[PDB]
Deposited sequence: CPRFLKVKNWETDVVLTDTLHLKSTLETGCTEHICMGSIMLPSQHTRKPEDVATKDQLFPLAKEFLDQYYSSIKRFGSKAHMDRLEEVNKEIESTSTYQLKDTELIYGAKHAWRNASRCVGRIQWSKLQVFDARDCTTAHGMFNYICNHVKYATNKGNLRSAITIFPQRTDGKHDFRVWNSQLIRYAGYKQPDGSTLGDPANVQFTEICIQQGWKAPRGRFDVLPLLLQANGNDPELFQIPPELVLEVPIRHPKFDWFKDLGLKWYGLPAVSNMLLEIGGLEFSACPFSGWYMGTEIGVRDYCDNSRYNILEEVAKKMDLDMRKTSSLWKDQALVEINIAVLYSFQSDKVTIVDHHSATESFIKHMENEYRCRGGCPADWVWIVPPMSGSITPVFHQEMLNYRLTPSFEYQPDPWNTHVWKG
């Protein structure tokens, strides 16, 4: 029965949800691994407790725990796991599982929206083209002409493991990254390997900074296939500043729709290796990390230059000064174009309120401070002063290796 405190408001919450936790954290009694980035085929013995646990909280959530349809469903799944050494979720159990995987995502600050999630059952898909068709429909729906809506598209579950549905892209919409003969990098340096994996598979690269990558779609373990998202479905914001007319000359833009496609969804012991999910951006992922990480677009050099800043000393804070202007520009551009976006002040305040609800109606809220606190202006947002317990609940989104490190080609 643990206690978390907010040191800006003295609000105290009591966490009992963590008792339901199950998986490992990495930490021990004598070492904390809270800042480690990455934290690290089935059998049927393993599968039933995972189905039981899941199906018990599912009927419990609709106020029908332990009774008739519950006992039937437990027996039903028990029998199918005997017969098949796997089983299939109902439409309603898939929707509950997906929403709760997001609800348990301790690194996600946007979880006040967890129940407002559109689930697309793509479990009847069989080919890369079908995957292409489902993904285009996801993009179109979730983008909603800028009025973004959250959605997940769920492809068939892992069975043996040699037949695995995978989206090889990191995000459905990501900009390309090309190295140059002179060592430097054009575009997004994060994606340079994947960009070349597509060029390998015959992609024809326009070789600019902001080239929307093609999709590489792997279906039932077969080789992955290239598909170009129709450009009309890829909504993009050109980045301008509401003071600096020279900011347009920077020629920056970003896509409106963040849609993660390399994660693994775990529902009731079942594994969905292809499950692209989308919401909207917090401003700082673009303005701070994408634009200003040294390993990414790294534009602080070229913005402070145009801001006429003393760049010879670190202590002039020219970096910080240009970081803020870059983020005023992302927000202003997105809002002027009516493309849903949230600022780190609005999102972290909403997450405090979300935490309030989760301790009220659930007994806790797993939360990773290292990831929840925004990468700029940490302590002027309310989550900096919020103590948070981190623990792993299920259903969950897990990391998974990149398919080209593992696919017997």
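The deposited chain is incompletely modelled, with C-alpha atoms absent over 1 to 3, 44 to 51, 421 to 422.
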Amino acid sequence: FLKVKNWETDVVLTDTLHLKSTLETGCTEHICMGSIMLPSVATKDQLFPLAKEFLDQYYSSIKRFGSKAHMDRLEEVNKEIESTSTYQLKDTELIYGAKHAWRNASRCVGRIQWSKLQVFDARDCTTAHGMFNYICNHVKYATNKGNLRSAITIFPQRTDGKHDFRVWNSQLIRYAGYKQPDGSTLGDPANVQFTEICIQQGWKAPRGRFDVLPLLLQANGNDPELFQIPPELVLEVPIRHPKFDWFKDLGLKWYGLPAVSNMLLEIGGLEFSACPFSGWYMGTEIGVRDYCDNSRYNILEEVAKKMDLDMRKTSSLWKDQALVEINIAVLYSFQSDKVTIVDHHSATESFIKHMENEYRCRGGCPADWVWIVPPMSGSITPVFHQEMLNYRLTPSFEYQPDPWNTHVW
From here on, numbers count along this sequence of modelled residues.
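Mean C-alpha B-factor is higher over 155 to 163 than over the other stretch, the pair under comparison being 137 to 145 and 155 to 163. As recorded in the PDB entry, 78 to 86 is the stretch of 230 to 238 and 78 to 86 with the greater mean C-alpha temperature factor.
Highest C-alpha temperature factor among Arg123, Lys253, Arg289, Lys243, as the PDB entry reports it: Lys243.
When the C-alpha B factors of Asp310, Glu266, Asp320, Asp91 are read from the deposited coordinates, the top value falls at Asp310. When all modelled residues of the chain are sorted by CA temperature factor, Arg296 is found within the middle third. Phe272: CA B factor in the lowest third of modelled residues in this chain (values from the PDB entry). Placement of the Cα temperature factor of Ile112 within the chain: lowest third of the modelled residues, per the deposited record.
Split the chain's modelled residues into thirds by C-alpha temperature factor. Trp280 is in the lowest one.
Per the PDB record, residue ranking by Cα B-factor puts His385 in the lowest third of the chain.
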